[PDB]
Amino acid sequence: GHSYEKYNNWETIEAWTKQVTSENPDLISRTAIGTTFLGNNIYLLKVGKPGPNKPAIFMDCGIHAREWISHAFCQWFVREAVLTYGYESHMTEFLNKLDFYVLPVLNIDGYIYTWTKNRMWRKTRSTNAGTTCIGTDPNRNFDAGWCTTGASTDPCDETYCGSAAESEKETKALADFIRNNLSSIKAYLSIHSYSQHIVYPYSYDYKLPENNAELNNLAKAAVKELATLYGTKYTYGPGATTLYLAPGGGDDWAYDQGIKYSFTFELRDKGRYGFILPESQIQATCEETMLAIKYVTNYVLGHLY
């Protein structure tokens, strides 16, 4: 039984991706962009009213297994699109002019493991040579300043970069999709938790992006829009500056592919519950995040390239 106000297991999310597509065929199409290490299908939802030469925004959730609110947000975004299309001016304009490539759960194997064995699991579930230690951090596995300071060469570590850039089938599947659709993808959004942050490149090195002033002003405004609903306080800025060095990230990789608007959203909370954010907070977290996402979406539409 699926619920947008509850954390759903992979079996439930998978059945939901099929159901939401069948219930809304004129607004959603579903494809498998590859398979995980354990052979699970990596589903991707193309959300929007079909049309020729449409620009797109890519958004992923569940890169890190324990960040259950991120998986919940991708489902809420799709919920919003199907419920408010034709009922709300902005969402109607967004789905007519843009397509949203929503990847609800990238690290499916890790997510299954948080539900079955270890709630605090972060990485993939792939094996490593010369150790019984499992998994690679997908957010340290992209080919952008890969395995430098901020990523670990130790397979037993939470920030393990992997054997090579894109060693993970999940990472390769995401990277291959973006590369195959580079001409249409105008924005990249990666949903994570926690610490209430809106981060933009760079994280692989201490350097500011070409459009730093633009990204700083956009993140500032997105943070402001999010705060209007419940007064939730978000901080923002370049990754290495506001957070820490985190090389091999999807956001930095997407940015270096030419995707000018690249953001990582760290959702609720600030540490009280951490990754174990209660279900009672899903609605509030998702609704306020919607305001920041819609603001970024509206900006991208007014600044197409």
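One rule holds for the numbers: they count along the sequence shown, beginning at 1.
Asker: Which has higher Cα B-factors on average according to the PDB entry: 281-289 or 20-28?
Answerer: The deposited B-factors put 20-28 ahead on the C-alpha mean.
Asker: Which third, lowest, middle or highest, does the CA B-factor of residue 209 fall in along this chain?
Answerer: Highest third, going by the recorded CA B-factors of the chain.
Asker: So where's residue 143 on the chain's Cα temperature factor ranking, which third?
Answerer: Its C-alpha B-factor belongs to the middle third of this chain's values.
Asker: Please rank the C-alpha B-factors of the chain's modelled residues and tell me whether residue 265 sits in the lowest, middle or highest third.
Answerer: Answer is lowest: the recorded C-alpha B-factor places it there.
Asker: Which third, lowest, middle or highest, does the CA B-factor of residue 74 fall in along this chain?
Answerer: Answer is lowest: the recorded C-alpha B-factor places it there.
Asker: Within this chain, which third does the Cα B-factor at residue 65 fall in: lowest, middle or highest?
Answerer: Residue 65: CA B-factor falls in the lowest third of its chain.
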